[PDB]
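A.B. asks: Just one file: upload24.cif, with mmCIF, N, CA and C atoms.
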```
data_query
loop_
_atom_site.label_atom_id
_atom_site.label_comp_id
_atom_site.auth_asym_id
_atom_site.auth_seq_id
_atom_site.Cartn_x
_atom_site.Cartn_y
_atom_site.Cartn_z
N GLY A 51 -126.26 -233.54 -125.56
CA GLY A 51 -125.48 -232.44 -126.09
C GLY A 51 -125.74 -231.13 -125.37
N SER A 52 -124.74 -230.26 -125.34
CA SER A 52 -124.87 -228.97 -124.67
C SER A 52 -124.41 -227.83 -125.59
N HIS A 53 -125.30 -226.86 -125.80
CA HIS A 53 -124.98 -225.72 -126.66
C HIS A 53 -124.60 -224.51 -125.82
N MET A 54 -123.78 -224.73 -124.80
CA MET A 54 -123.34 -223.66 -123.92
C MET A 54 -122.67 -222.54 -124.72
N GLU A 55 -123.01 -221.30 -124.40
CA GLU A 55 -122.44 -220.15 -125.10
C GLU A 55 -120.96 -219.99 -124.77
N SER A 56 -120.68 -219.53 -123.55
CA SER A 56 -119.30 -219.33 -123.12
C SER A 56 -119.07 -219.95 -121.75
N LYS A 57 -117.80 -220.16 -121.40
CA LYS A 57 -117.44 -220.75 -120.12
C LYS A 57 -116.54 -219.82 -119.33
N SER A 58 -116.87 -218.53 -119.33
CA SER A 58 -116.09 -217.54 -118.61
C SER A 58 -116.86 -217.00 -117.41
N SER A 59 -116.15 -216.77 -116.31
CA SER A 59 -116.77 -216.26 -115.09
C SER A 59 -116.80 -214.74 -115.09
N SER A 60 -115.64 -214.13 -114.86
CA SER A 60 -115.53 -212.67 -114.83
C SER A 60 -114.14 -212.22 -115.28
N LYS A 61 -114.01 -210.93 -115.55
CA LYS A 61 -112.74 -210.37 -116.00
C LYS A 61 -112.43 -209.07 -115.26
N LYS A 62 -111.33 -209.07 -114.50
CA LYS A 62 -110.93 -207.89 -113.75
C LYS A 62 -109.45 -207.57 -113.98
N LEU A 63 -109.15 -206.30 -114.17
CA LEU A 63 -107.77 -205.86 -114.40
C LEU A 63 -107.20 -205.19 -113.16
N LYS A 64 -105.90 -204.93 -113.18
CA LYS A 64 -105.22 -204.28 -112.06
C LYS A 64 -105.36 -202.77 -112.15
N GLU A 65 -104.77 -202.18 -113.19
CA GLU A 65 -104.83 -200.74 -113.38
C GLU A 65 -104.35 -200.00 -112.13
N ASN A 66 -103.21 -200.42 -111.60
CA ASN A 66 -102.65 -199.80 -110.40
C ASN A 66 -101.50 -198.86 -110.76
N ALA A 67 -101.59 -197.62 -110.30
CA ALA A 67 -100.56 -196.63 -110.57
C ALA A 67 -100.29 -195.77 -109.34
N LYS A 68 -99.03 -195.39 -109.16
CA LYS A 68 -98.64 -194.56 -108.02
C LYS A 68 -97.57 -193.55 -108.43
N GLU A 69 -97.82 -192.28 -108.15
CA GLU A 69 -96.88 -191.22 -108.48
C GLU A 69 -96.86 -190.14 -107.40
N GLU A 70 -95.70 -189.54 -107.19
CA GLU A 70 -95.55 -188.50 -106.18
C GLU A 70 -95.48 -187.12 -106.83
N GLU A 71 -95.32 -186.09 -106.01
CA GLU A 71 -95.24 -184.72 -106.51
C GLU A 71 -94.00 -184.01 -105.97
N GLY A 72 -93.18 -183.50 -106.88
CA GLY A 72 -91.97 -182.80 -106.48
C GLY A 72 -91.63 -181.65 -107.40
N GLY A 73 -90.36 -181.26 -107.41
CA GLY A 73 -89.92 -180.17 -108.26
C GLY A 73 -88.66 -179.51 -107.75
N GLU A 74 -87.52 -179.94 -108.28
CA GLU A 74 -86.23 -179.38 -107.87
C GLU A 74 -85.73 -178.36 -108.89
N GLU A 75 -84.83 -177.49 -108.45
CA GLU A 75 -84.28 -176.46 -109.33
C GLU A 75 -83.03 -176.97 -110.04
N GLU A 76 -82.98 -176.79 -111.35
CA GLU A 76 -81.85 -177.23 -112.15
C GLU A 76 -81.14 -176.04 -112.79
N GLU A 77 -79.84 -175.91 -112.51
CA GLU A 77 -79.05 -174.82 -113.06
C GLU A 77 -78.99 -174.91 -114.59
N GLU A 78 -79.36 -173.82 -115.25
CA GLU A 78 -79.34 -173.77 -116.71
C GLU A 78 -77.98 -174.17 -117.25
N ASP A 79 -76.93 -173.55 -116.73
CA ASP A 79 -75.57 -173.84 -117.16
C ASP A 79 -75.46 -173.80 -118.68
N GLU A 80 -76.24 -172.91 -119.30
CA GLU A 80 -76.23 -172.78 -120.75
C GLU A 80 -74.94 -172.10 -121.23
N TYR A 81 -74.61 -172.31 -122.50
CA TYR A 81 -73.41 -171.72 -123.08
C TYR A 81 -73.73 -170.43 -123.82
N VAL A 82 -72.69 -169.68 -124.16
CA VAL A 82 -72.86 -168.41 -124.87
C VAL A 82 -71.87 -168.30 -126.02
N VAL A 83 -72.27 -167.57 -127.06
CA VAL A 83 -71.41 -167.38 -128.23
C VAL A 83 -70.22 -166.49 -127.90
N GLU A 84 -69.02 -167.07 -127.96
CA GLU A 84 -67.80 -166.33 -127.66
C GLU A 84 -67.34 -165.54 -128.88
N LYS A 85 -67.20 -166.22 -130.01
CA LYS A 85 -66.77 -165.59 -131.24
C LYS A 85 -67.01 -166.50 -132.44
N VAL A 86 -66.75 -165.98 -133.64
CA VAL A 86 -66.93 -166.75 -134.86
C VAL A 86 -65.79 -167.74 -135.07
N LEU A 87 -66.13 -168.93 -135.55
CA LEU A 87 -65.14 -169.97 -135.79
C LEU A 87 -64.62 -169.90 -137.23
N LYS A 88 -65.54 -169.84 -138.18
CA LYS A 88 -65.18 -169.77 -139.59
C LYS A 88 -66.28 -169.10 -140.40
N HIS A 89 -65.95 -168.68 -141.62
CA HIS A 89 -66.92 -168.03 -142.50
C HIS A 89 -67.14 -168.85 -143.77
N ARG A 90 -68.40 -168.94 -144.19
CA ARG A 90 -68.74 -169.69 -145.39
C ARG A 90 -69.90 -169.03 -146.13
N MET A 91 -69.79 -168.97 -147.45
CA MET A 91 -70.83 -168.36 -148.28
C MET A 91 -71.93 -169.37 -148.59
N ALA A 92 -73.15 -168.87 -148.79
CA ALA A 92 -74.28 -169.73 -149.10
C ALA A 92 -74.29 -170.13 -150.57
N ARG A 93 -74.00 -171.40 -150.83
CA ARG A 93 -73.97 -171.91 -152.20
C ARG A 93 -75.33 -171.76 -152.87
N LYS A 94 -76.38 -171.74 -152.06
CA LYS A 94 -77.74 -171.60 -152.57
C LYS A 94 -77.99 -170.18 -153.07
N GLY A 95 -77.14 -169.25 -152.65
CA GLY A 95 -77.28 -167.87 -153.06
C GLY A 95 -78.08 -167.05 -152.07
N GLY A 96 -78.12 -167.51 -150.82
CA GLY A 96 -78.86 -166.80 -149.80
C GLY A 96 -78.08 -165.63 -149.23
N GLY A 97 -77.16 -165.92 -148.31
CA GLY A 97 -76.36 -164.88 -147.70
C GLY A 97 -75.03 -165.39 -147.20
N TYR A 98 -74.61 -164.91 -146.03
CA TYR A 98 -73.34 -165.32 -145.44
C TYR A 98 -73.57 -166.24 -144.24
N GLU A 99 -72.60 -167.10 -143.98
CA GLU A 99 -72.69 -168.04 -142.86
C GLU A 99 -71.46 -167.95 -141.97
N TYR A 100 -71.66 -168.16 -140.68
CA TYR A 100 -70.56 -168.10 -139.72
C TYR A 100 -70.77 -169.10 -138.59
N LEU A 101 -69.70 -169.80 -138.22
CA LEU A 101 -69.76 -170.79 -137.15
C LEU A 101 -69.67 -170.13 -135.78
N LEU A 102 -70.42 -170.65 -134.82
CA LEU A 102 -70.42 -170.11 -133.47
C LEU A 102 -69.43 -170.87 -132.58
N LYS A 103 -68.52 -170.13 -131.96
CA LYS A 103 -67.53 -170.73 -131.08
C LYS A 103 -67.95 -170.61 -129.62
N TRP A 104 -68.10 -171.75 -128.95
CA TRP A 104 -68.50 -171.77 -127.55
C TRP A 104 -67.34 -171.36 -126.65
N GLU A 105 -67.62 -170.47 -125.70
CA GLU A 105 -66.60 -170.00 -124.78
C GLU A 105 -66.04 -171.15 -123.95
N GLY A 106 -64.72 -171.34 -124.02
CA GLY A 106 -64.08 -172.41 -123.28
C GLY A 106 -63.95 -173.68 -124.09
N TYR A 107 -64.92 -173.92 -124.96
CA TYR A 107 -64.92 -175.12 -125.80
C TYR A 107 -64.49 -174.78 -127.23
N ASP A 108 -63.46 -175.46 -127.71
CA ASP A 108 -62.96 -175.24 -129.06
C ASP A 108 -63.26 -176.43 -129.96
N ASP A 109 -64.35 -176.34 -130.71
CA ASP A 109 -64.75 -177.41 -131.61
C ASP A 109 -64.11 -177.24 -132.99
N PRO A 110 -64.04 -178.34 -133.75
CA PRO A 110 -63.44 -178.34 -135.09
C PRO A 110 -64.29 -177.57 -136.10
N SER A 111 -64.00 -177.77 -137.38
CA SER A 111 -64.74 -177.10 -138.44
C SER A 111 -66.18 -177.61 -138.52
N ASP A 112 -66.46 -178.68 -137.77
CA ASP A 112 -67.79 -179.26 -137.75
C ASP A 112 -68.66 -178.61 -136.68
N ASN A 113 -68.22 -177.45 -136.19
CA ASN A 113 -68.95 -176.73 -135.16
C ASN A 113 -70.35 -176.37 -135.65
N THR A 114 -71.03 -175.51 -134.89
CA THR A 114 -72.38 -175.08 -135.24
C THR A 114 -72.35 -173.93 -136.24
N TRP A 115 -72.97 -174.14 -137.40
CA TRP A 115 -73.02 -173.12 -138.43
C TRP A 115 -74.25 -172.24 -138.27
N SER A 116 -74.03 -170.94 -138.06
CA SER A 116 -75.12 -170.00 -137.88
C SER A 116 -75.39 -169.23 -139.18
N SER A 117 -76.67 -169.00 -139.47
CA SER A 117 -77.06 -168.28 -140.68
C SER A 117 -76.81 -166.78 -140.52
N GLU A 118 -76.92 -166.05 -141.62
CA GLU A 118 -76.72 -164.61 -141.61
C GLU A 118 -77.62 -163.94 -140.58
N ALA A 119 -78.76 -164.57 -140.30
CA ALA A 119 -79.71 -164.03 -139.34
C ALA A 119 -79.06 -163.84 -137.97
N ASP A 120 -78.09 -164.69 -137.66
CA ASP A 120 -77.38 -164.61 -136.39
C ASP A 120 -76.53 -163.35 -136.32
N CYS A 121 -76.21 -162.79 -137.48
CA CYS A 121 -75.39 -161.58 -137.55
C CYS A 121 -76.01 -160.46 -136.71
N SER A 122 -77.33 -160.44 -136.64
CA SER A 122 -78.04 -159.42 -135.88
C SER A 122 -77.85 -159.62 -134.39
N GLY A 123 -77.52 -160.85 -134.00
CA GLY A 123 -77.31 -161.16 -132.60
C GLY A 123 -75.84 -161.10 -132.20
N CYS A 124 -74.98 -161.62 -133.06
CA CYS A 124 -73.54 -161.63 -132.80
C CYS A 124 -72.81 -160.73 -133.79
N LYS A 125 -73.41 -159.59 -134.11
CA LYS A 125 -72.81 -158.64 -135.04
C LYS A 125 -71.36 -158.35 -134.66
N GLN A 126 -71.14 -158.05 -133.38
CA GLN A 126 -69.80 -157.75 -132.89
C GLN A 126 -68.81 -158.84 -133.30
N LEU A 127 -69.27 -160.09 -133.29
CA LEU A 127 -68.43 -161.22 -133.65
C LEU A 127 -68.19 -161.25 -135.16
N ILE A 128 -69.26 -161.14 -135.93
CA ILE A 128 -69.16 -161.15 -137.38
C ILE A 128 -68.13 -160.14 -137.87
N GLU A 129 -68.17 -158.94 -137.31
CA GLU A 129 -67.24 -157.88 -137.69
C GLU A 129 -65.86 -158.13 -137.08
N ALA A 130 -65.85 -158.59 -135.83
CA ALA A 130 -64.60 -158.87 -135.13
C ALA A 130 -63.74 -159.85 -135.92
N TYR A 131 -64.35 -160.93 -136.39
CA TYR A 131 -63.64 -161.94 -137.16
C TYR A 131 -62.94 -161.32 -138.36
N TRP A 132 -63.58 -160.33 -138.97
CA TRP A 132 -63.02 -159.65 -140.13
C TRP A 132 -61.90 -158.70 -139.71
N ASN A 133 -62.10 -158.01 -138.59
CA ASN A 133 -61.11 -157.07 -138.09
C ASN A 133 -59.79 -157.77 -137.78
N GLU A 134 -59.89 -158.96 -137.19
CA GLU A 134 -58.70 -159.73 -136.84
C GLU A 134 -57.92 -160.13 -138.09
N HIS A 135 -58.63 -160.24 -139.21
CA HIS A 135 -58.01 -160.61 -140.48
C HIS A 135 -57.24 -159.44 -141.07
N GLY A 136 -57.75 -158.23 -140.84
CA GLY A 136 -57.10 -157.04 -141.36
C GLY A 136 -57.80 -156.48 -142.59
N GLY A 137 -59.11 -156.70 -142.67
CA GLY A 137 -59.87 -156.21 -143.80
C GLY A 137 -60.61 -154.92 -143.49
N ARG A 138 -60.62 -154.01 -144.46
CA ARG A 138 -61.30 -152.72 -144.28
C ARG A 138 -62.81 -152.90 -144.30
N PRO A 139 -63.53 -151.91 -143.74
CA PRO A 139 -65.00 -151.94 -143.69
C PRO A 139 -65.63 -151.75 -145.06
N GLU A 140 -66.91 -152.10 -145.17
CA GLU A 140 -67.63 -151.97 -146.44
C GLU A 140 -67.47 -150.56 -147.01
N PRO A 141 -67.66 -150.44 -148.33
CA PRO A 141 -67.54 -149.16 -149.03
C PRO A 141 -68.69 -148.21 -148.69
N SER A 142 -68.36 -146.93 -148.53
CA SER A 142 -69.36 -145.92 -148.20
C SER A 142 -69.63 -145.01 -149.40
#
```
Now that the file is in, can you turn its structure into structure tokens?
C.D. replies:
Amino acid sequence: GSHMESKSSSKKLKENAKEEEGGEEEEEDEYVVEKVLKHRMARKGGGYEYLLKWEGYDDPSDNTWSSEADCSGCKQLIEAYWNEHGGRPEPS
């Protein structure tokens, strides 16, 4: 009888990796807010909401909805949308 422990010789792995180094320039080609698409009130009772219309691209009512916070960035748009409607400015 033989009480041999194990019958293994050795164990070696590959672990081979190869990578290069580069870096090309990619044009941002980002979009910009052209004007408001639609207006919607916050059912939660927060503030006002307005959709952002991409210049050149006309999306449906499922466009991007921006919070009142965006008003500080696209104020001209928020007011413009109202001006086009024919509504007077807030009470003084």
A.B. asks: What is the atom CA of residue A:79-atom CA of residue A:130 distance in Å, reported with one decimal?
C.D. replies: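 These two atoms are separated by 25.8 Å.
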A.B. asks: Just how far from atom N of residue A:83 is atom CA of residue A:105, in Å to one decimal?
C.D. replies: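 Atom N of residue A:83 lies at a distance of 6.6 Å from atom CA of residue A:105.
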A.B. asks: Using DSSP on the backbone coordinates, identify all residues within chain A classified as strand (DSSP E); present the result as number ranges by chain.
C.D. replies: A: 83-91, 98-104, 114-116
A.B. asks: Going by DSSP on the backbone, which residues of chain A come out as alpha helix (DSSP H)? List them as a ChimeraX atom specification.
C.D. replies: /A:125-135
A.B. asks: What lies within 6.5 Å of residue A:117 using only N, CA and C atoms, ignoring chain neighbours under 6 positions off, as a PyMOL selection string?
C.D. replies: chain A and resi 98-100
A.B. asks: Would you compute the distance between atom CA of residue A:96 and atom CA of residue A:108? Give it in Å to one decimal.
C.D. replies: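 One can read the atom CA of residue A:96 to atom CA of residue A:108 distance as 27.5 Å.
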A.B. asks: Write stretch 83-96 of chain A as a compact mmCIF listing (two decimals), keeping the file's coordinate frame, completed to N, CA, C and O atoms.
C.D. replies:
```txt
# COMPACT_ATOMS: atom_id res chain seq x y z
N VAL A 83 -72.27 -167.57 -127.06
CA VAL A 83 -71.41 -167.38 -128.23
C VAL A 83 -70.22 -166.49 -127.90
O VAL A 83 -70.38 -165.31 -127.60
N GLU A 84 -69.02 -167.07 -127.96
CA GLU A 84 -67.80 -166.33 -127.66
C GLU A 84 -67.34 -165.54 -128.88
O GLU A 84 -67.11 -164.33 -128.80
N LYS A 85 -67.20 -166.22 -130.01
CA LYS A 85 -66.77 -165.59 -131.24
C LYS A 85 -67.01 -166.50 -132.44
O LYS A 85 -67.42 -167.65 -132.29
N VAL A 86 -66.75 -165.98 -133.64
CA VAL A 86 -66.93 -166.75 -134.86
C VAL A 86 -65.79 -167.74 -135.07
O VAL A 86 -64.63 -167.44 -134.79
N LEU A 87 -66.13 -168.93 -135.55
CA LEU A 87 -65.14 -169.97 -135.79
C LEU A 87 -64.62 -169.90 -137.23
O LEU A 87 -63.41 -169.91 -137.46
N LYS A 88 -65.54 -169.84 -138.18
CA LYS A 88 -65.18 -169.77 -139.59
C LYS A 88 -66.28 -169.10 -140.40
O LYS A 88 -67.42 -168.96 -139.94
N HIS A 89 -65.95 -168.68 -141.62
CA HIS A 89 -66.92 -168.03 -142.50
C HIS A 89 -67.14 -168.85 -143.77
O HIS A 89 -66.20 -169.39 -144.34
N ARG A 90 -68.40 -168.94 -144.19
CA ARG A 90 -68.74 -169.69 -145.39
C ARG A 90 -69.90 -169.03 -146.13
O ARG A 90 -70.88 -168.60 -145.52
N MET A 91 -69.79 -168.97 -147.45
CA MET A 91 -70.83 -168.36 -148.28
C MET A 91 -71.93 -169.37 -148.59
O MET A 91 -71.68 -170.57 -148.66
N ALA A 92 -73.15 -168.87 -148.79
CA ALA A 92 -74.28 -169.73 -149.10
C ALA A 92 -74.29 -170.13 -150.57
O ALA A 92 -74.54 -169.30 -151.44
N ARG A 93 -74.00 -171.40 -150.83
CA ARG A 93 -73.97 -171.91 -152.20
C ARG A 93 -75.33 -171.76 -152.87
O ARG A 93 -75.42 -171.65 -154.09
N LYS A 94 -76.38 -171.74 -152.06
CA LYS A 94 -77.74 -171.60 -152.57
C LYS A 94 -77.99 -170.18 -153.07
O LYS A 94 -78.93 -169.94 -153.82
N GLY A 95 -77.14 -169.25 -152.65
CA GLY A 95 -77.28 -167.87 -153.06
C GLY A 95 -78.08 -167.05 -152.07
O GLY A 95 -78.64 -166.01 -152.42
N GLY A 96 -78.12 -167.51 -150.82
CA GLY A 96 -78.86 -166.80 -149.80
C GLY A 96 -78.08 -165.63 -149.23
O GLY A 96 -78.30 -164.48 -149.61
```
